[PDB]
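**Student:** Partial complex follows, first chain(s) only, in situ:
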Amino acid sequence: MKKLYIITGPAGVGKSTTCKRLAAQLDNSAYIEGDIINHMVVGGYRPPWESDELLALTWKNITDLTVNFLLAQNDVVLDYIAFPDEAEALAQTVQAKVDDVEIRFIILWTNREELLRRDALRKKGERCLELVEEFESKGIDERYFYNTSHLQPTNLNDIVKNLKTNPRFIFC
């Protein structure tokens, strides 16, 4: 069967690093970077938080690409910002267009202070907390969170090995 991995979480949490490693581990997979999709719009571009229209478009494009990759016998690894609402919506569509698809929802988390330093090497802040409090207030189940503040990057393959089979993320 096919598998969909919705890896989300605050900026600097290591979504990109985790998704790239995960994708490279499956025999047949597709890696979708939400940001590249969103930034495809040039003329008239506006950030996600300033246009529900442009944001819905981005999820439309993500969804259609995900369906095609799954139908094509590819596992899909999605890296983007996603809350219960978006995950639910995506799931409804794929499930209605593809059979035997086990979807996994995974929210990578570390520590407020960790994200504080993790970005101190981007191109030079407080904003790294804006997304943090959003996930919390959304009252998301605790089984979808994966705190890696105590793990080592040298164990990256174990982490991706876990979230690949761990049933807790199976999107109960």
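**Tutor:** Arrived safely, thanks for sending. Numbering: from 1, shown residues only, chains lettered A, B, ... in the order given.
**Student:** so where does residue A:44 fall, helix or strand?
**Tutor:** Element membership for residue A:44, per DSSP states H and E: none, as it lies in no helix or strand.
**Student:** what's the spacing between it and residue A:57?
**Tutor:** 11 Å (Cβ to Cβ, to the nearest Å). Yep, even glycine has a C-beta here, placed from its N, CA and C like the rest.
**Student:** The two: which has the busier surroundings?
**Tutor:** Neighbour count, other Cβ atoms under 10 Å: between residue A:44 and residue A:57, residue A:57 has more, with 15 against 7.
**Student:** Excluding covalently adjacent residues, which one is nearest to the more buried one?
**Tutor:** residue A:41 (7.3 Å; Cβ to Cβ, 6 or more residues apart in numbering).
**Student:** residues contacting residue A:112?
**Tutor:** A:129, A:132 (Cβ atoms under 8 Å, 6 or more residues apart in numbering).
**Student:** about what we covered before: number of residues surrounding the residue nearest to residue A:57?
**Tutor:** Taking other Cβ under 10 Å as the neighbour definition, residue A:41 ends up with a count of 14.
**Student:** was I right about it contacting residue A:60?
**Tutor:** No - in this structure, residue A:41 is not within contact of residue A:60 by Cβ atoms under 8 Å, at 12.0 Å.
**Student:** For the helix or strand harbouring residue A:60, give me every contacting residue.
**Tutor:** If you go by DSSP H and E, residue A:60 is part of helix A:52-71. Residues outside helix A:52-71 that contact it (Cβ under 8 Å, 6+ apart): A:2, A:4, A:30, A:32, A:34, A:37-38, A:40-41, A:45-46, A:48-49, A:76, A:78, A:80, A:86, A:89-90, A:93-94, A:97-98, A:101.
**Student:** and chain B, same structure:
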Amino acid sequence: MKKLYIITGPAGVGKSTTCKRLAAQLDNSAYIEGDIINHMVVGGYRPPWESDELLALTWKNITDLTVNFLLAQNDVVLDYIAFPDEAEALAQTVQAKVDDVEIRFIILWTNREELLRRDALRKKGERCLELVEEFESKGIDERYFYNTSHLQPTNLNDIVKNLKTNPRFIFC
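**Tutor:** That brings us to chain B, laid onto the chains above:
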């Protein structure tokens, strides 16, 4: 109305540079880079010339993204390798899913020797000619070709200004 710009041609001809400038000129537009789409497949990846399946997938993804952007009131600028067959197919789908869409087919060309030097600064060849003879043998109409071997890069805005309104590319 909406407009679709299918900019193709051999590697090093300046498709990326031309498309990015064109997109940035329209009020509402989307820029699609065929290569980023194609490279979304990780596990089991294979070059376009080694899998008609993976290649068809890439065009499927490109097509679905193009339709969504056009319906969303965005002009679409596509940068990829495309022959009459692919252009025709894409056109049939968009035209069947969107109204008032003027599609333009544009093949950027320069000179055999030009492409010879244009790539001598990639990361260090003959292969730059493989795509050249392909376009020629395909017996493509001469109205779609746009030779810029005699133009100057300092006239980039004029070039994109031309192919934006010039009717010769209107895909007769």
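**Student:** and the contacts of helix A:52-71, now that chain B is in?
**Tutor:** With Cβ atoms under 8 Å, 6 or more residues apart in numbering or on different chains as the test, helix A:52-71 has contacts from A:2, A:4, A:30, A:32, A:34, A:37-38, A:40-41, A:45-46, A:48-49, A:76, A:78, A:80, A:86, A:89-90, A:93-94, A:97-98, A:101, B:40-41, B:57, B:60-61, B:64-65, B:68-69, B:72.
**Student:** Kindly report the same for stretch A:92-109.
**Tutor:** A:1-10, A:13-15, A:18, A:63, A:66-67, A:70-71, A:82, A:87, A:90-91, A:135, A:140, A:144-149, A:163, A:169-171.
**Student:** Which of those fall in strands?
**Tutor:** If you go by DSSP state E, the contacts of stretch A:92-109 have A:2-8, A:145-147 in strands.
**Student:** which two in the residues you listed are spaced the farthest apart?
**Tutor:** A:2 and A:147 (27.7 Å; Cβ to Cβ).
**Student:** re the thing from before, for ChimeraX, write a command that selects the buried ones of the contacts of stretch A:92-109.
**Tutor:** The following ChimeraX line selects those of the contacts of stretch A:92-109 that are buried, judged by 16 or more other Cβ atoms under 10 Å in any protein chain shown:
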select /A:2,3,4,5,6,7,8,9,10,13,14,15,18,63,66,67,70,71,82,87,90,91,135,140,144,145,146,148,163,169,171
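**Student:** Dump the ones in strands among the contacts of stretch A:92-109 into a markdown table; add distance to residue A:159 as well.
**Tutor:** Shown next, in a markdown table, are the ones in strands among the contacts of stretch A:92-109 (distance: Cβ to Cβ, whole Å):
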| residue | distance to residue A:159 |
| --- | --- |
| A:2 | 22 |
| A:3 | 17 |
| A:4 | 18 |
| A:5 | 13 |
| A:6 | 16 |
| A:7 | 11 |
| A:8 | 15 |
| A:145 | 14 |
| A:146 | 8 |
| A:147 | 11 |
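**Student:** Pick the one among the residues you listed closest to chain B.
**Tutor:** Using Cβ to the nearest Cβ, residue A:3 comes nearest to chain B of the ones in strands among the contacts of stretch A:92-109, at 11.3 Å.
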